[PDB]
Number of protein chains: 6
Amino acid sequence: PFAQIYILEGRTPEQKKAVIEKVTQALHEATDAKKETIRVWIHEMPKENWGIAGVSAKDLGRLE
Amino acid sequence: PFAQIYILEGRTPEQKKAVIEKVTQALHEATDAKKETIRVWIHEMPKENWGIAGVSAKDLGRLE
Amino acid sequence: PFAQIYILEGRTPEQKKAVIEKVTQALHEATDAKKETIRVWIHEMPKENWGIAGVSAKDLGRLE
Amino acid sequence: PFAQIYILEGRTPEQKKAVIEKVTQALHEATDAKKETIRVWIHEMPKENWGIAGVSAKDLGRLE
Amino acid sequence: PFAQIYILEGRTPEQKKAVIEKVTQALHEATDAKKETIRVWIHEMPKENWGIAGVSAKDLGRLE
Amino acid sequence: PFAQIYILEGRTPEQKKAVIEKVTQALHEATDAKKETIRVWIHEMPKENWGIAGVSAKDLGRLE
């Protein structure tokens with residue numbers, strides 16, 4: 001089982017390692033697949049490239 | 001944060017619900033993102049459509 | 001420019017044709033790319049395979 | 001409904017904001033989904049990483 | 001190295017096995033990656049779900 | 001037919017051109033699709049962003 005993860009830019013390397021570790025464990029427990037077979041990779045998206053209801057994460061970050 | 005999951009066909013609905021639940025929890029804990037923002041969806045791939053080292057999961061399933 | 005669209009199962013064929021038409025027009029107008037170059041394809045996801053905040057679209061559809 | 005957009009590097013930020021805005025509107029009109037649910041994100045591909053009929057956008061950009 | 005392949009519905013199983021075999025060999029030769037590490041999977045898209053310049057493969061299939 | 005390729009960062013430009021060329025040829029031969037229709041694009045993943053059995057390519061690169 002494979003997981004393709006999409007996150008915004010700006011997260012710590014510790015958080016990205018945890019994404020790999022916890023998502024891999026999550027797939028192992030949910031499907032009982034051998035960890036050897038599990039692959040997880042992470043796309044880091046610029047805030048200008050991430051739209052929520054038609055507004056970019058960048059424009060939202062300017063607000064409270 | 002979003003997770004696009006690829007699994008082979010043939011898993012129970014309980015396993016697929018667990019994929020959604022555990023991967024969502026994994027992303028929440030790894031990034032501290034609000035669960036409201038997290039999305040996880042699952043592509044179920046036919047065994048004929050899944051290649052490992054040039055051999056399909058289907059041809060492998062014939063073997064021990 | 002290419003668009004990979006993810007929607008839930010259960011939409012009319014007219015809505016899917018409109019997705020192809022309107023997304024193609026949207027990319028043409030936003031980037032001025034020739035329509036000849038634009039490609040849009042649609043993955044229809046089972047409601048059991050679509051997680052929102054850890055809950056599947058299927059379990060949500062049972063509710064009001 | 002979600003849209004994963006693939007464009008070549010080198011487009012203005014105004015064009016990328018327009019991609020987010022117009023694709024979101026396109027999905028809203030085609031499916032009648034609430035804008036709150038719609039997500040659009042953009043991968044910007046290096047010209048060396050984009051093949052058309054076996055030739056990269058980079059090699060093509062050298063030509064007329 | 002991983003390859004995610006998108007083809008229209010309607011191809012023979014022999015063609016899909018060849019996709020897995022030849023794409024795997026192509027990645028092995030281009031990158032010198034061990035075949036053990038290479039993964040290739042195939043999404044088969046309904047013709048109604050595949051847009052070329054704003055027109056679906058289905059509407060095109062009606063024409064000559 | 002389209003191929004979305006995922007490789008680790010750090011490969012030569014010659015290898016990436018070969019990916020585009022050989023994968024395009026592989027799809028042409030496997031499906032008999034006209035080369036004009038074939039598209040191949042390449043995501044280069046940071047080693048920190050690529051998990052194998054729960055361990056990142058980066059941590060593995062430290063080892064023998």
# chains A, B, ... in the order shown; residues from 1 in each chain; ligands from 1
$ interface_residues --of "chain D" --to "chain B" --cutoff "12 Å" --atoms "only C-alpha atoms" --output "ChimeraX atom specification"
/D:1-2,4,36-41
$ write_last_selection --atoms "N, CA, C and O atoms" --output "mmCIF file, in the first residue's frame"
data_model
loop_
_atom_site.group_PDB
_atom_site.id
_atom_site.type_symbol
_atom_site.label_atom_id
_atom_site.label_comp_id
_atom_site.auth_asym_id
_atom_site.auth_seq_id
_atom_site.Cartn_x
_atom_site.Cartn_y
_atom_site.Cartn_z
ATOM 1 N N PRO D 1 -15.251 18.206 -4.150
ATOM 2 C CA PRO D 1 -14.472 17.884 -5.356
ATOM 3 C C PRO D 1 -13.102 18.552 -5.332
ATOM 4 O O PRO D 1 -12.964 19.691 -4.871
ATOM 5 N N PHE D 2 -12.091 17.829 -5.791
ATOM 6 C CA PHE D 2 -10.707 18.257 -5.707
ATOM 7 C C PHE D 2 -10.145 18.329 -7.110
ATOM 8 O O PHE D 2 -10.488 17.495 -7.942
ATOM 9 N N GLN D 4 -6.330 18.518 -8.974
ATOM 10 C CA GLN D 4 -4.873 18.514 -8.945
ATOM 11 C C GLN D 4 -4.399 19.018 -10.303
ATOM 12 O O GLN D 4 -4.645 18.369 -11.321
ATOM 13 N N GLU D 36 -17.093 25.808 -0.154
ATOM 14 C CA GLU D 36 -16.367 25.410 1.044
ATOM 15 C C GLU D 36 -15.694 24.050 0.904
ATOM 16 O O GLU D 36 -14.655 23.831 1.532
ATOM 17 N N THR D 37 -16.255 23.138 0.109
ATOM 18 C CA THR D 37 -15.715 21.787 -0.002
ATOM 19 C C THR D 37 -14.649 21.639 -1.082
ATOM 20 O O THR D 37 -13.950 20.618 -1.105
ATOM 21 N N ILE D 38 -14.502 22.620 -1.959
ATOM 22 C CA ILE D 38 -13.670 22.482 -3.151
ATOM 23 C C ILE D 38 -12.218 22.812 -2.827
ATOM 24 O O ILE D 38 -11.916 23.793 -2.135
ATOM 25 N N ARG D 39 -11.307 21.980 -3.322
ATOM 26 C CA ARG D 39 -9.884 22.178 -3.119
ATOM 27 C C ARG D 39 -9.174 22.047 -4.455
ATOM 28 O O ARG D 39 -9.464 21.134 -5.236
ATOM 29 N N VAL D 40 -8.232 22.950 -4.710
ATOM 30 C CA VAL D 40 -7.459 22.953 -5.942
ATOM 31 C C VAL D 40 -6.011 23.229 -5.569
ATOM 32 O O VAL D 40 -5.728 24.208 -4.867
ATOM 33 N N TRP D 41 -5.099 22.386 -6.020
ATOM 34 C CA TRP D 41 -3.692 22.643 -5.762
ATOM 35 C C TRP D 41 -2.908 22.459 -7.057
ATOM 36 O O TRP D 41 -3.361 21.793 -7.991
#
$ residues_around --residues "stretch 49-53 of chain C" --least-positions-apart "3" --cutoff "9 Å" --atoms "only C-alpha atoms" --output "NGL selection string"
(:B and (16-17 or 20-21 or 24-25 or 34-44)) or (:C and (8 or 45-46 or 56-58))
$ write_last_selection --atoms "N, CA and C atoms" --output "tab-separated table (two decimals), in the first residue's frame"
chain	number	residue	atom	x	y	z
B	16	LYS	N	-10.79	-0.64	4.99
B	16	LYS	CA	-10.76	0.64	4.30
B	16	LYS	C	-11.19	1.77	5.23
B	17	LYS	N	-12.21	1.53	6.06
B	17	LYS	CA	-12.56	2.51	7.10
B	17	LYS	C	-11.39	2.77	8.04
B	20	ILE	N	-8.90	5.10	6.47
B	20	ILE	CA	-9.33	6.49	6.58
B	20	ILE	C	-9.11	7.00	8.00
B	21	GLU	N	-9.49	6.20	8.99
B	21	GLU	CA	-9.40	6.64	10.38
B	21	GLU	C	-7.95	6.79	10.82
B	24	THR	N	-5.86	9.50	8.88
B	24	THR	CA	-6.28	10.81	9.35
B	24	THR	C	-5.68	11.13	10.72
B	25	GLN	N	-5.73	10.17	11.65
B	25	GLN	CA	-5.12	10.37	12.96
B	25	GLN	C	-3.61	10.55	12.85
B	34	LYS	N	-5.76	20.55	12.21
B	34	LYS	CA	-7.11	20.24	12.66
B	34	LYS	C	-7.70	19.13	11.80
B	35	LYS	N	-8.34	18.17	12.47
B	35	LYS	CA	-8.95	17.06	11.74
B	35	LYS	C	-9.94	17.55	10.70
B	36	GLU	N	-10.63	18.65	10.98
B	36	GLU	CA	-11.55	19.22	10.00
B	36	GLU	C	-10.90	19.44	8.64
B	37	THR	N	-9.59	19.71	8.59
B	37	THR	CA	-8.92	20.02	7.33
B	37	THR	C	-8.39	18.79	6.60
B	38	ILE	N	-8.34	17.64	7.25
B	38	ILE	CA	-7.66	16.47	6.72
B	38	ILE	C	-8.58	15.68	5.80
B	39	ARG	N	-8.04	15.27	4.65
B	39	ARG	CA	-8.79	14.49	3.68
B	39	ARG	C	-7.96	13.29	3.27
B	40	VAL	N	-8.60	12.13	3.18
B	40	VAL	CA	-7.95	10.89	2.79
B	40	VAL	C	-8.87	10.17	1.83
B	41	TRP	N	-8.37	9.79	0.67
B	41	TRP	CA	-9.18	9.02	-0.26
B	41	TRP	C	-8.38	7.84	-0.77
B	42	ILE	N	-9.08	6.81	-1.24
B	42	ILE	CA	-8.48	5.50	-1.49
B	42	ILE	C	-8.79	5.06	-2.91
B	43	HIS	N	-7.74	4.80	-3.70
B	43	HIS	CA	-7.86	4.13	-4.98
B	43	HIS	C	-7.61	2.64	-4.78
B	44	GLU	N	-8.57	1.82	-5.21
B	44	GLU	CA	-8.43	0.37	-5.18
B	44	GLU	C	-8.01	-0.11	-6.56
C	8	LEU	N	-16.82	12.39	-5.89
C	8	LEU	CA	-17.53	11.21	-5.41
C	8	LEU	C	-18.33	10.56	-6.53
C	45	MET	N	-14.75	8.49	-7.01
C	45	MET	CA	-14.37	7.77	-5.80
C	45	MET	C	-15.60	7.20	-5.12
C	46	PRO	N	-15.61	5.92	-4.78
C	46	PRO	CA	-16.69	5.39	-3.94
C	46	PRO	C	-16.77	6.14	-2.63
C	56	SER	N	-15.98	8.69	6.64
C	56	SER	CA	-16.16	8.46	5.21
C	56	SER	C	-17.41	9.17	4.69
C	57	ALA	N	-17.40	9.50	3.40
C	57	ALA	CA	-18.60	10.09	2.82
C	57	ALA	C	-19.81	9.18	3.01
C	58	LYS	N	-19.60	7.86	2.96
C	58	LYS	CA	-20.70	6.91	3.17
C	58	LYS	C	-21.35	7.08	4.55
$ select_by_dssp --residues "chain F" --states "strand (DSSP E)" --output "PyMOL selection string"
chain F and resi 2-8+39-45+50-52+55-56
$ select_by_dssp --residues "chain A" --states "alpha helix (DSSP H)" --output "list in words"
residues 13, 14, 15, 16, 17, 18, 19, 20, 21, 22, 23, 24, 25, 26, 27, 28, 29, 30, 31, 57, 58, 59, 60 and 61 of chain A
$ atom_distance --atom1 "atom CA of residue C:30" --atom2 "atom CA of residue D:11"
10.0 Å
$ residues_around --residues "residue C:59" --least-positions-apart "4" --cutoff "9 Å" --atoms "only C-alpha atoms" --output "PDB file with N, CA, C and O atoms, in the first residue's frame"
ATOM      1  N   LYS C  47     -17.996   6.285  -2.131  1.00  0.00           N
ATOM      2  CA  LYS C  47     -18.214   7.037  -0.900  1.00  0.00           C
ATOM      3  C   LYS C  47     -17.501   6.386   0.279  1.00  0.00           C
ATOM      4  O   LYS C  47     -17.011   7.088   1.168  1.00  0.00           O
ATOM      5  N   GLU C  48     -17.369   5.054   0.273  1.00  0.00           N
ATOM      6  CA  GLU C  48     -16.573   4.372   1.291  1.00  0.00           C
ATOM      7  C   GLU C  48     -15.092   4.736   1.213  1.00  0.00           C
ATOM      8  O   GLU C  48     -14.368   4.530   2.191  1.00  0.00           O
ATOM      9  N   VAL C  55     -13.934  10.611   8.757  1.00  0.00           N
ATOM     10  CA  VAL C  55     -15.220   9.951   8.571  1.00  0.00           C
ATOM     11  C   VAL C  55     -15.484   9.841   7.075  1.00  0.00           C
ATOM     12  O   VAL C  55     -15.230  10.788   6.325  1.00  0.00           O
ATOM     13  N   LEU C  63     -26.586  10.645   7.411  1.00  0.00           N
ATOM     14  CA  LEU C  63     -26.917  11.661   8.388  1.00  0.00           C
ATOM     15  C   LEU C  63     -27.414  12.899   7.668  1.00  0.00           C
ATOM     16  O   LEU C  63     -27.329  13.022   6.442  1.00  0.00           O
TER      17      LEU C  63
END
$ atom_distance --atom1 "atom CA of residue B:22" --atom2 "atom CA of residue D:33"
26.9 Å
$ decode --residues "stretch 18-29 of chain D" --atoms "N, CA and C atoms" --output "PDB file, in the first residue's frame"
ATOM      1  N   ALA D  18      -5.540  32.849 -10.668  1.00  0.00           N
ATOM      2  CA  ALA D  18      -6.660  32.627 -11.581  1.00  0.00           C
ATOM      3  C   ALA D  18      -6.949  31.135 -11.782  1.00  0.00           C
ATOM      4  N   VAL D  19      -5.912  30.295 -11.849  1.00  0.00           N
ATOM      5  CA  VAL D  19      -6.167  28.857 -11.918  1.00  0.00           C
ATOM      6  C   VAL D  19      -7.010  28.427 -10.726  1.00  0.00           C
ATOM      7  N   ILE D  20      -6.593  28.821  -9.523  1.00  0.00           N
ATOM      8  CA  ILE D  20      -7.318  28.433  -8.319  1.00  0.00           C
ATOM      9  C   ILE D  20      -8.750  28.962  -8.369  1.00  0.00           C
ATOM     10  N   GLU D  21      -8.910  30.228  -8.748  1.00  0.00           N
ATOM     11  CA  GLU D  21     -10.231  30.850  -8.737  1.00  0.00           C
ATOM     12  C   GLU D  21     -11.142  30.229  -9.794  1.00  0.00           C
ATOM     13  N   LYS D  22     -10.668  30.140 -11.044  1.00  0.00           N
ATOM     14  CA  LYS D  22     -11.538  29.714 -12.143  1.00  0.00           C
ATOM     15  C   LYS D  22     -11.829  28.217 -12.084  1.00  0.00           C
ATOM     16  N   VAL D  23     -10.842  27.402 -11.703  1.00  0.00           N
ATOM     17  CA  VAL D  23     -11.098  25.971 -11.575  1.00  0.00           C
ATOM     18  C   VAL D  23     -12.084  25.709 -10.445  1.00  0.00           C
ATOM     19  N   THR D  24     -11.930  26.410  -9.317  1.00  0.00           N
ATOM     20  CA  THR D  24     -12.893  26.285  -8.225  1.00  0.00           C
ATOM     21  C   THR D  24     -14.301  26.659  -8.681  1.00  0.00           C
ATOM     22  N   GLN D  25     -14.435  27.784  -9.396  1.00  0.00           N
ATOM     23  CA  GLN D  25     -15.741  28.179  -9.924  1.00  0.00           C
ATOM     24  C   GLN D  25     -16.270  27.151 -10.919  1.00  0.00           C
ATOM     25  N   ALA D  26     -15.390  26.622 -11.771  1.00  0.00           N
ATOM     26  CA  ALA D  26     -15.791  25.607 -12.739  1.00  0.00           C
ATOM     27  C   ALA D  26     -16.360  24.370 -12.049  1.00  0.00           C
ATOM     28  N   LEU D  27     -15.713  23.914 -10.977  1.00  0.00           N
ATOM     29  CA  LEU D  27     -16.210  22.740 -10.266  1.00  0.00           C
ATOM     30  C   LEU D  27     -17.509  23.053  -9.531  1.00  0.00           C
ATOM     31  N   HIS D  28     -17.606  24.252  -8.944  1.00  0.00           N
ATOM     32  CA  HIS D  28     -18.856  24.669  -8.307  1.00  0.00           C
ATOM     33  C   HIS D  28     -20.015  24.646  -9.293  1.00  0.00           C
ATOM     34  N   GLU D  29     -19.803  25.154 -10.510  1.00  0.00           N
ATOM     35  CA  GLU D  29     -20.912  25.246 -11.456  1.00  0.00           C
ATOM     36  C   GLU D  29     -21.248  23.896 -12.072  1.00  0.00           C
TER      37      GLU D  29
END
